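Form deposited in one PDB entry, single chain, as structure tokens, below.
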């Protein structure tokens, strides 16, 4: 620390936002912070736990990017220990995708169109996540849990990458429990991770392709038809995911580039970003023929 601190008197808890196996989240007001405003603070079911606290906090202060969830600091004066995050109006990206497509019948508010998310908004979401992964790959930080459930959405449809937390709880359909003390998002993992237990930046690229998949299917779980073991089988043996139907061939071409068996044979995340960004800012005329 080397970590910003926030006095408790500046933080006023309003109500709970969510609850994890080890942490709670409250929506709260935070005074004398900027330049008054709303923040999301997390409390800790302390057990030991006071070690991983000032570990995550130091990391989050190092990770400052336009597409990584902002971290304002901590409150260590007294208990419980708090981490002050910025508040993202629309919650996690998976809940946002499911609630806006393909029905979605009107269903859009202040930041989002009525019906299902347009091709331009889908590409805009993917581009932002890729942009966040380029940053993390630039610092050689491996995420090991890249999914929509770990991405937050704020006002003006700002997508930012984070790491729950909540994910382990009530999203347990997305995890395979092994050993009793460890769960694995095997549906998002590359073959060299499932088999060889190896996680690299190239493993994140595979994960992003699966995230890029999710976006164009509105939050639907990968290999939804399959069980945990069956999903492992298909990924190991080298089965690829479907594309229908909001995904243009040009975009599915990007997913497969992330889904090469050999990690070195995959494309860089900077490359994937470049293609997704161009497609995002491309004119309607170009996008209507995709």
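What we label the rigid core is the largest C-alpha set whose atoms superpose within 1.5 Å from one form to the other. Numbering follows the first chain given and starts at 1.
Compared with other deposited structures of the same protein, residue 181 meets the criterion of being unmodelled in at least one third of those that resolve residues on both sides. Compared with other entries of the same protein, residue 167 falls in the group left without coordinates by at least a third of them, where both flanks are modelled. Unmodelled residues of the deposited sequence between residue 35 and residue 36: 1 to 3. The modelled chain breaks after residue 47 and resumes at residue 48, leaving 1 to 3 residues of the deposited sequence without coordinates. The stretch 275-283 shows the higher mean C-alpha B-factor when 275-283 is compared against 10-18 in the entry. Checked against the record, the higher mean CA B factor of 109-117 and 139-147 lies with 109-117. By the numbers in the PDB entry, the CA B factor is greatest at 167 among 167, 193, 173, 217. Taking the deposited Cα B-factors for 223, 53, 259, 252, the highest one is held by 53. Residue-level temperature factors show residue 201 in the middle third of its chain, judged at the C-alpha atom.
Sort the chain's modelled residues by C-alpha temperature factor and residue 104 lands in the highest third, per the entry. When all modelled residues of the chain are sorted by CA temperature factor, residue 73 is found within the middle third.
Sort the chain's modelled residues by C-alpha temperature factor and residue 42 lands in the lowest third, per the entry. Compared with the other modelled residues of the chain, the Cα B-factor recorded for residue 67 ranks in the lowest third.
There is also a form deposited in another entry; it is not shown, and the following applies to it.
Fit the rigid core and compare the CA positions between the shown form and the other one: of 177, 198, 95, 220, just 177 moves by 2 angstroms or more. Three angstroms is the minimum change: in that other deposited form, the CA atoms of residue 260 and residue 178 sit closer than in this structure, by 3 Å or more. If you compare C-alpha positions, residue 181 and residue 190 are 3 angstroms or more closer together in that other deposited form than in the form on display.
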